[PDB]
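J.: Kindly return the folded structure for what I paste below:
(5 chains)
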Amino acid sequence: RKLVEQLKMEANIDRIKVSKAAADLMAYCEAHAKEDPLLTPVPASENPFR
Amino acid sequence: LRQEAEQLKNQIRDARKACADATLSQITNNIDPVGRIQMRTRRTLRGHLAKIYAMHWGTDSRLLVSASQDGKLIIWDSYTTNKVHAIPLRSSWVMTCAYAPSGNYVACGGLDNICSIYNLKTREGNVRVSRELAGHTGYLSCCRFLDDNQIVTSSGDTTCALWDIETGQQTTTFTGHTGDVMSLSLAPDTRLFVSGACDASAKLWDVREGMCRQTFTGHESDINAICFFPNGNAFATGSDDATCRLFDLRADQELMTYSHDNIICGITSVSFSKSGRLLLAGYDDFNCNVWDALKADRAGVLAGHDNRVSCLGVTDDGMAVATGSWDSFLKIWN
Amino acid sequence: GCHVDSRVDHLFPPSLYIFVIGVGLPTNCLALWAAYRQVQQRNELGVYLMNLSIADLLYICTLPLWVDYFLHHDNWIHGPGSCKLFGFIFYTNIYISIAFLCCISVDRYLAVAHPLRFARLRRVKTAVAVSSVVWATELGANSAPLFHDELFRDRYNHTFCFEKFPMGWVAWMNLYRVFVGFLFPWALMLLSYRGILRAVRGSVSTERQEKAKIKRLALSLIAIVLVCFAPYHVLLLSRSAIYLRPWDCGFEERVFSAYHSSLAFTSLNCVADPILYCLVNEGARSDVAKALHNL
Amino acid sequence: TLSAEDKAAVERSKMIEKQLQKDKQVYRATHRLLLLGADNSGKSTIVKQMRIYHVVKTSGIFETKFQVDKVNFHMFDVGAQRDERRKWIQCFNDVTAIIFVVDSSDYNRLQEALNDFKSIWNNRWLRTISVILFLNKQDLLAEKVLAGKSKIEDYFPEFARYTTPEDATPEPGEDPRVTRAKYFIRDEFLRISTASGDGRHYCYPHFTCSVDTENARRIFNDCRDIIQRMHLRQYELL
Amino acid sequence: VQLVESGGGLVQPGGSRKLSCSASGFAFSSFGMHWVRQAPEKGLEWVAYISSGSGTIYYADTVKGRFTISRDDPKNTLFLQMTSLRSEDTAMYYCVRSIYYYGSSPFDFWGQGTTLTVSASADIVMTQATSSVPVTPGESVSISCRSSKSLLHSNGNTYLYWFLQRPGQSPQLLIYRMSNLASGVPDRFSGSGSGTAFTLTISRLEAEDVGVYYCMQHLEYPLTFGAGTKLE
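T.: Numbering: from 1, shown residues only, chains lettered A, B, ... in the order given. Sharing the structure here:
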């Protein structure tokens, strides 16, 4: 009974296109390309793990 | 009345199918891979007498709490490998530790069914049990701080709960799962959180209201770890069926599956990088894998552990990734 | 004194030491590596194993010069200090090895026969302490010749090293050698392995084949030590059992033959240890296979 | 090289390391046990009696310390968990042994006990963890076989063709039927144990009554055997 | 937390005394302890420091051999063995508590003090500005300090400490490692500098902000203080 109400409430929502989701994720990825030390190895004078 | 539920589930499945037009693979096909990523061990943090299950970084990106089944929480100075603190726990069977965003508190929980919150900054020089949260009828599998006064706990009993640390009562009790909830990742804005359970399902919860906002089902087995993409509109999971999966809150589907025929063990920890271009997963095959989230190819391998990786964590500014295994060692990779 | 001859003792010891080098060098290096892997796993045994390999490796490094000392009819042409250092290593490394085998056997006894107990003695730190103690005690107890005449060079085409025919103090040195560097450590080894087998008898978890396997291994260890080191000490106690009525220096028939052939046959324990303590165990072979995958 | 303050910080780390070494010494000398059993299985009596003669509402795990011949044992029995086990059982892959207590006088819940035992034995994380199975309530089984009201061949058909093994040791002198029944139960459990052992772990049967005072010694002897086998493996003896 | 210390009085020259500091309300065994004295009308001077675990014991050059420092962690008391009491040993001795880890706050609690009256090279110098700054309430002040050697370290930490001393009781910590406000210090206080020249600012004074302001360096032993600046 409560399960039906919960599933109905979960269903009646708005979904965007999945291509838009992929574009948004790539946009986040390419925005912070430079400030990702594991992707782009910082020169060994700023890392405290030298 | 069950026919109504079946019809509604079919309707939700049809809506998800309709909202799907392209896959992440096709759209990312025109973007270069990260290439081969070589990450090396920089520091080894020795000192745990037994195996390590949990590890949480500090927001200052230098301090680090770890939990071992010997019944000890150790706070590390990652830069210098020093031991800032050593908290003897009342129950040895810890399976979760958290570090407060403010840095004042650490929490732990396990088979005792209590989340114990510790005060790291006292007038006296020691760390003491601020208070013990009780009310779960199952083991606490994860605990995350929202602020100094609110904590979210997930339990073997299907409940995930929200507590007020001042006077410890379950303010909001989140229910709806069928199996034992294992992982728990707060959104970057601290208004929602995701829970992965043993029903091979994941749910997004609204903290203020207390309702299962969304429910994701794509796995063939129980779900072991979960984490949010930094953006706050996607998350990744790990399951014992040897796969990871990336779900989008708005699209309400699965975007890309991280799997290979060679690997047959389960993922025990999932953590994203700062930008989400790298998805780091811990496995039972003694080693940790680094995945390109956009192209779903194994970008790297972090293999220095003689037992299974049980915990994995990437710092707030992305300089280092920490991994602790059942061999009683943490390794700080850069 | 009295001159003696080595008609074939210029042949067997060199051709034997060349095999000892060419085999026991990489095998002892691999034994050292496997021992180090064991030490990395909080194992109280590998710290002895390392030392054993070292106790052998230095020995191997001494051997080439004695090879040149042998094939030249016992003629040393490399100097007195080389005689001192190298003869000391050659004549002392075997006793260091025997002591380390004894220590390994006692550790195994304490691990198997009396488990649940003596946890402090089964640490890496205690094993390092006892390793330092055995090196000190062995290197100091056998350092008597380092404070005496270096080389007793002679006219019959013989320039010697760490040996003089005949013969004093070397007689009592030989008695201490035989009695407290062979019989005592061997007695401890045999008694400890008898204790291990007496304990293994009552193992419900161990099937009949594994008990037989353990017994064969233990007997092999004791027997191989005894065969490699017994002729040396038998002939050494026989020669030291004369000098202690008449001067009677007449053993030319049994001086070079016995002594030199027997030291050559004694060196074979330096190639026995890597096989018996590393290469017969499955895990150590797995570690060595991992090493040789790399290269 | 490094300031006053770092030196002090390093000193702190070294003192912490000293306390941890002490904790390591205490931890290594204490053997951990996991107590498993059903509701009808009398594990509550065993834990209570071991707490008595030797040495908080929704709490999930109970800690029971005891000492036998100057050897320290920690025994854990889970209190507030659900029916599911496949997650929290992974925490116990480093215990010395798992004590599995079974009610041998049920005859109806005993197939479920066999299924639980085969679940424990074949767990992917419980390999190399031995099992001391306590076939508890032997007196109830004896009285039930003597009474004759409830049969045993009815629930297990193969009981008819089963014959009493020649290595049987009924010491005090008891009716042959109770010996036959209890060894049938033991043989079912041991069949499960032997099917897929592969030699990496053993199963140690014992016939127990919940009031018996010898259970601690039973655990001590079995744990001695287990540690002996592990040390044999560790010291390159097999 | 509290540090009560006693064991002082009029002592003849060349005599000896044992100053004791009873600690309570905190975990004594995990703290390092300092002895700081100040002359009857002069600034503070460091006497000794004993570490947690007693593995590190440092003394000032002026008392390098006469003085001895010890602790009894079970009994929870800090001792100072003084011998051959010369006339520069007339001072009020302070008991200070210091703990060291990443993010710690050394020198946070200061004991009341014992008065002890005696009847008749390559060290860092810290110089204050004029030791008198008369300022009206409600304004802002910028007490300044100067150091001979740059207190900045390769770690990134500059080890300058600021203490306040009311006309009455023992000093209390205000700024530690040059920019960090101690537990309980109002947000008015702020510290800044550049490695050699330092400044402490009080944004809007009150009647309780009066006293003498001392600086301190922790870069290397011995711990030198400075003359101090008076506010009226």
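J.: and residue B:324, what does it touch?
T.: B:48, B:52, B:53, B:55, B:66, B:309, B:310, B:311, B:312, B:330, B:331 (C-beta atoms under 8 Å, 6 or more residues apart in numbering or on different chains). From N, CA and C alone the C-beta is placed, and that goes for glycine too.
J.: which of those residues has the most neighbours?
T.: residue B:309 (29 neighbours; other C-beta atoms under 10 Å in any protein chain shown).
J.: Now that it has come up, it's in contact with residue B:269, right?
T.: Yes. Residue B:309 lies in contact with residue B:269 (C-beta atoms under 8 Å); the separation is 6.2 Å.
J.: need the longest helix for chain C.
T.: helix C:208-243 (DSSP state H).
J.: so, in contact with chain D or not, that helix?
T.: Yes. Using C-beta under 8 Å from any C-beta of the partner chain, helix C:208-243 comes into contact with chain D via C:210, C:213, C:214, C:217.
J.: How about the first one, nearest residue that isn't a chain neighbour?
T.: Which is residue C:210. Of all residues not flanking residue C:210 in the chain, residue D:238 sits nearest, at 5.2 Å (C-beta to C-beta, 6 or more residues apart in numbering or on different chains).
J.: Now that neighbour: which helix or strand?
T.: Here residue D:238 is covered by no helix or strand, with elements defined by DSSP states H and E.
J.: which residues touch residue B:270?
T.: B:183, B:225-227, B:236-238, B:244, B:279-282, B:312.
J.: same deal with residue B:162?
T.: With C-beta under 8 Å, 6+ apart, residue B:162 has these contacts: B:150, B:151, B:152, B:170, B:171, B:172, B:173, B:174, B:207.
J.: Kindly indicate which of those lies nearest chain A.
T.: Distance to chain A, by C-beta to the nearest C-beta, is smallest for residue B:174 among these, at 11.9 Å.
J.: just to revisit the earlier point, of the residues of helix C:208-243 next to chain D, just the buried ones, ChimeraX syntax please.
T.: Those of the residues of helix C:208-243 next to chain D that count as buried under 16 or more other C-beta atoms under 10 Å in any protein chain shown are selected in ChimeraX with:
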select /C:210,214,217
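J.: that older thread, in terms of secondary structure, what does the longest helix of chain C contact?
T.: With contacts taken as 3 or more C-beta pairs under 8 Å, 6 or more residues apart in numbering or on different chains; DSSP states H and E, helix C:208-243 sits against helix C:80-112, helix C:170-177, helix C:184-201, helix C:256-266, helix C:269-274.
J.: Could you identify the helix or strand that succeeds the shortest one?
T.: Heading C-terminal from helix C:269-274, the first helix or strand you meet, by DSSP H and E, is helix C:282-294.
J.: In that following helix, which residues are buried?
T.: Result for helix C:282-294 [16+ other C-beta under 10 Å]: buried residues C:284, C:287, C:288.
J.: now swap in stretch B:300-316 and tell me
T.: In stretch B:300-316, counting by 16+ other C-beta under 10 Å, buried: B:300, B:302, B:304, B:305, B:308, B:309, B:310, B:311, B:312, B:313, B:314, B:315.
J.: List the residues that contact residue B:234.
T.: Contact analysis of residue B:234 by C-beta under 8 Å, 6+ apart lists A:21, A:25, B:228, B:246, B:247, B:248, B:249, B:255, B:276.
J.: isn't there a helix covering residue C:127?
T.: Yes. If the criterion is DSSP: H, G, I helix; E, B strand; the rest coil, then residue C:127 is within a helix.
J.: burial measure for it, as a count.
T.: Count around residue C:127 with other C-beta under 10 Å applied: 23.
J.: Isn't it up against residue C:43?
T.: No. Using C-beta under 8 Å, residue C:127 is not in contact with residue C:43; the gap is 9.2 Å.
J.: what's around residue B:203, how many residues?
T.: 23.
J.: how about it, what does it touch?
T.: B:176, B:177, B:194, B:195, B:197, B:212, B:213, B:214, B:215, B:216.
J.: so what's the first one closest to, chain neighbours aside?
T.: In other words, residue B:176. residue B:212 (4.4 Å).
J.: which ones among the contacts of residue B:234 are found in helices?
T.: Checked against DSSP H, the contacts of residue B:234 include these in helices: A:21, A:25.
J.: TSV for the contacts of residue B:234, including neighbour count?
T.: Converted to TSV, the contacts of residue B:234 look like this (neighbours: other C-beta atoms under 10 Å in any protein chain shown):
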residue	neighbour count
A:21	26
A:25	25
B:228	20
B:246	26
B:247	25
B:248	24
B:249	21
B:255	23
B:276	22
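J.: Show me what from chain C comes close to chain B.
T.: residue C:41.
J.: Wait, the residue nearest to residue B:176 touches residue A:11, no?
T.: No. In this structure residue B:212 lies outside contact range of residue A:11 using C-beta under 8 Å: 11.9 Å.
J.: quick one: the helices in chain D?
T.: Counting by DSSP H, the helices of chain D are D:4-28, D:43-53, D:110-121, D:138-147, D:176-195, D:215-234.
J.: Oh, that last question was meant for the stretch 1-150 of chain B, not what I typed.
T.: B:2-18, B:24-28 (DSSP state H, counting those that start in this stretch).
J.: what about dumping the CA coordinates of the last one to PDB?
T.: It stands for helix B:24-28. C-alpha atoms of helix B:24-28 as PDB (Å, rounded to 0.1, in the frame of the first residue of the first chain):
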ATOM      1  CA  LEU B  24      27.900   8.100 -22.800                       C
ATOM      2  CA  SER B  25      30.300   6.000 -25.000                       C
ATOM      3  CA  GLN B  26      29.100   7.400 -28.300                       C
ATOM      4  CA  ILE B  27      29.100  11.000 -27.000                       C
ATOM      5  CA  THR B  28      32.600  10.700 -25.400                       C
END
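J.: how many other residues sit next to residue D:214?
T.: Neighbour tally, residue D:214, other C-beta under 10 Å: 11.
J.: tell me the contacts of residue D:29?
T.: C:119, D:71, D:72.
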